[PDB]
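Asker: to kick things off, part of the complex as it is:
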Amino acid sequence: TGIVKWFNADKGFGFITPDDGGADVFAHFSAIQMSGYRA
């Protein structure tokens, strides 16, 4: 899930730093996998 860039609770909307669960972010996690793997 996008982490919240910021969320207007006025009507419960707003923008969200789209960590999105970001398998892309977790793809950086997989890069970390290779890194600590190399370690």
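Answerer: Noted; the coordinates are in hand. Numbering: from 1, shown residues only, chains lettered A, B, ... in the order given.

Asker: every contact and neighbour count from this point should use C-alpha atoms.
Answerer: Fine.

Asker: where do the strands sit along chain A?
Answerer: Assignment of strands within chain A using DSSP state E yields the ranges A:3-8, A:13-17.

Asker: give the buried residues for the last one.
Answerer: In this case it means strand A:13-17. Buried residues in strand A:13-17, defined by neighbour count with 16 or more other CA atoms under 10 Å: none.

Asker: redo the strands of chain A as CSV? Include distance to residue A:25.
Answerer: Converted to CSV, the strands of chain A look like this (distance: least, CA to CA, whole Å):
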stretch, distance to residue A:25
strand A:3-8, 12
strand A:13-17, 11
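
Asker: who wins for proximity to residue A:26 among those strands?
Answerer: In terms of CA to CA, the element of the strands of chain A nearest to residue A:26 is strand A:3-8, at 13.6 Å.

Asker: go ahead and add chain B:
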Amino acid sequence: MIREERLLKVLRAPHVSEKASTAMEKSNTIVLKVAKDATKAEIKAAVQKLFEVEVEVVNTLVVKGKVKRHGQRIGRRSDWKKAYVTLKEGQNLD
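Answerer: Once chain B is put in with the chains from before, the structure reads:
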């Protein structure tokens, strides 16, 4: 006598929750997010002055902050404090 400026800097926000809605409708207890250095007497004075409502007792707990990973960078949220403020019977608050 607790000073009004501190009493104005004590309270941060109300905490919305299913448990908070339960305590509000059953035990007549509101759940507040307060300042971290706030004590029970400062909270009771703030609700009794700033909300004009009769406080029976205040229960507090410290919430430990979670550890998050924004993208791939690790991070940790702040510890915050939560107060269960039991109002006396008959008192009502928005």
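
Asker: spatially nearest residue to residue B:20 (excluding sequence neighbours)?
Answerer: Nearest non-adjacent residue to residue B:20, counting by CA to CA, 6 or more residues apart in numbering or on different chains: residue B:31, 5.8 Å away.

Asker: tell me how many other residues crowd residue B:85.
Answerer: Neighbour count for residue B:85, taken as other CA atoms under 10 Å in any protein chain shown: 24.

Asker: looks like it contacts residue B:58 (just checking).
Answerer: Yes. Using CA atoms under 8 Å, residue B:85 is in contact with residue B:58, at 4.6 Å.

Asker: what is in contact with these two at once?
Answerer: Here residue B:85 and residue B:58 share the contacting residues residue B:44, scored by CA atoms under 8 Å, 6 or more residues apart in numbering or on different chains.

Asker: and chain C, same structure:
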Amino acid sequence: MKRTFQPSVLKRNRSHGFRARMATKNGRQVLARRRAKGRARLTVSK
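Answerer: One more piece, chain C, placed on the ones above:
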């Protein structure tokens, strides 16, 4: 088997902590070395 690290925070801080380092002359030289190298965690102490 019983391995060599059986943790205890009290013994960790009494043995390797900040005030134990700041107590003696040589321990103060340790903190001067870690500051010169630029360590983020200068000691054990959280």
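
Asker: and the neighbour count of residue B:85, now that chain C is part of it?
Answerer: Neighbour tally, residue B:85, other CA under 10 Å: 24.

Asker: from what I see, it and residue B:55 are in contact.
Answerer: Yes. Using CA under 8 Å, residue B:85 is in contact with residue B:55, at 6.9 Å.

Asker: export the helix or strand containing residue B:58 as PDB, just CAs?
Answerer: In the assignment (DSSP states H and E), residue B:58 maps to strand B:55-63. Extracted in PDB, the C-alpha atoms of strand B:55-63 (Å, rounded to 0.1, in the frame of the first residue of the first chain):
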ATOM      1  CA  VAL B  55     -13.500  13.800  34.700                       C
ATOM      2  CA  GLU B  56     -13.700  10.800  36.900                       C
ATOM      3  CA  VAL B  57     -10.300   9.200  36.200                       C
ATOM      4  CA  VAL B  58      -7.600   9.100  33.600                       C
ATOM      5  CA  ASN B  59      -5.800   6.000  32.400                       C
ATOM      6  CA  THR B  60      -2.600   6.300  30.300                       C
ATOM      7  CA  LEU B  61      -0.400   4.200  28.100                       C
ATOM      8  CA  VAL B  62       2.600   4.700  25.900                       C
ATOM      9  CA  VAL B  63       2.400   3.600  22.300                       C
END
